Amino acid sequence: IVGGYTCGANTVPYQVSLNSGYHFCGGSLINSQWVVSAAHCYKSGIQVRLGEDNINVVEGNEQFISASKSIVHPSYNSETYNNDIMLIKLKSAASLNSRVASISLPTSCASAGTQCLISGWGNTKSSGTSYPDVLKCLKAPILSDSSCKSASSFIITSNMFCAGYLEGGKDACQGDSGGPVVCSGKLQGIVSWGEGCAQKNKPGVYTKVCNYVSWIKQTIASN
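Residues numbered from 1 in each chain as written, not as in the entry; some residues may be left out. Heavy atoms only, no water.

Method of structure determination, per the deposited record: X-ray crystallography was used for this entry, reaching 1.65 Å resolution.

1. Re the pattern of salt bridges
Inclusion rule: Salt bridges are counted wherever a side-chain nitrogen of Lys or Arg sits within 4 Å of a carboxyl oxygen of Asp or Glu. Categorising residues by exposure relies on relative accessible area from a 1.4 Å probe, with only protein chains included: less than 20% of the type maximum marks a residue as buried, more than 50% marks it as exposed, and the intermediate range marks it as partly exposed.
For the structure on display, the rule yields one salt bridge. A salt bridge links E195 to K202; the nearest nitrogen and oxygen atoms lie 2.9 Å apart. Its relative accessible area of 34% is what places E195 among the partly exposed residues. Classification of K202 as buried rests on a relative accessible area of 17%.

2. Some remarks on unusual backbone geometry
Defined as follows: Helix and strand definitions follow DSSP, with helices as H or I runs of at least four residues and strands as E runs of at least two, each counted in order from the N terminus.
The backbone of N10 sits at a positive phi, close to 55 degrees, despite the residue not being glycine. Note that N10 resides in the loop between β1 (5-6) and β2 (15-19). We note that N83 has phi near 65 degrees; this positive angle belongs to a residue other than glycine. In this fold, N83 is placed in the loop between β6 (63-72) and β7 (86-90).

3. Section: the packing of aromatic side chains
Operational definition: Put simply, two rings from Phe, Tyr or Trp (the six-membered ring, in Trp's case) pair if the centres are within 6.5 Å, and we call them stacked under 30 degrees between planes, edge-to-face over 60, tilted for the rest. Two conditions define a charge sitting above a ring: the NZ of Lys or the CZ of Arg must be within 6 Å of the ring centre, and it must be within 35 degrees of the ring normal.
Under the definition given, this model contains four aromatic pairs. Between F154 and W193, the ring centres sit 5.1 Å apart and the planes meet at 50 degrees, which makes this aromatic pair tilted. Within this pair, whereas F154 is found in the loop between α1 (145-152) and β10 (160-163), its partner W193 is found in strand β12 (residues 186-193), the two being separated by 39 residues in sequence. Residue placement shows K170 over the ring face of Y165; its charged tip is 4.7 Å from the ring centre.

4. Notes on the sheet that holds strand β4 (residues 34-37)
Short version of the rule: Pairing between strands is defined by DSSP: at least two bridges between the two strands are required. As a rule, the C-alpha atoms of each element are fitted with a line to give its axis, helices using only the stretch in contact, and angles between N-to-C directions run from 0 to 180 degrees. Working rule for contacts: check all heavy atoms of both residues, and any pair within 4.5 Å makes them a contact.
Overall, antiparallel pairing links the six strands, which are arranged β2-β3-β4-β7-β6-β5 in a closed barrel. When strand polarity is set aside, the average angle formed by the axes of neighbouring strands in this sheet is 40 degrees. The sheet strands contacting helix α2 (residues 213-221) are β4, β6 and β7, and the helix crosses β7 at an angle near 30 degrees.

5. Things to note about the pairing of β2
Put simply, side chains in a regular strand alternate between the two faces of the sheet. Within β2, five of the five residues are buried, which leaves it mostly tucked inside the rest of the structure. Burial along β2 is two-sided: the face carrying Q15, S17 and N19 and the face carrying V16 and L18 are both buried. Alignment of β2 against strand β3 (residues 23-29), held across five bridges, turns out to be antiparallel. Its bridge partner lying in β3, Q15 is registered against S28. Linking β2 to β3, which pair antiparallel, is a turn of three residues; within it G21 sits at a positive phi near 105 degrees.

Structure representation (structure tokens):
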């Protein structure tokens, strides 16, 4: 996260870190047995780390659980990043508490102008590389599709939405992928892609979760 702030230990209880010997993506806990992330974060042998703040220090509230199965969206297109969403089922149910909680799925889609919270352990520099060990936070608004496309020239589908500041300076970045975008208490987006980080007229692009509620619910009910 670029231009954000230190969230504070466990203030984002649904935030998860996907670990394959090292942190490589974020994710969101939607219930005791399931986590949602981006399809481009797919990897074999994933260990889900919940209740994390400093990812390099055992602080006492962590739960390390291996993934039993991963399901990438049936129509995920790695070239355009369309349908960039994936579900991960935990080998065992997580213990829910004040530090580890689930985030609600949306009922309706969020509209332009709505403020959202984006979090992650990704790069903090727009130019250069500097990875934080503690969770970073960023409040950013949803931009209208027209405003986004006109300014960025990005090729976006109806399964994506932009959020951020056209003036630049604040944005998600590498390492934040798969992370949550929460607006009004609901998971409305997943950190998906963009052009560089925090650049002018180049806001972040996120997977529009409200378009996948049916798939998510049906998949978890049958698995």
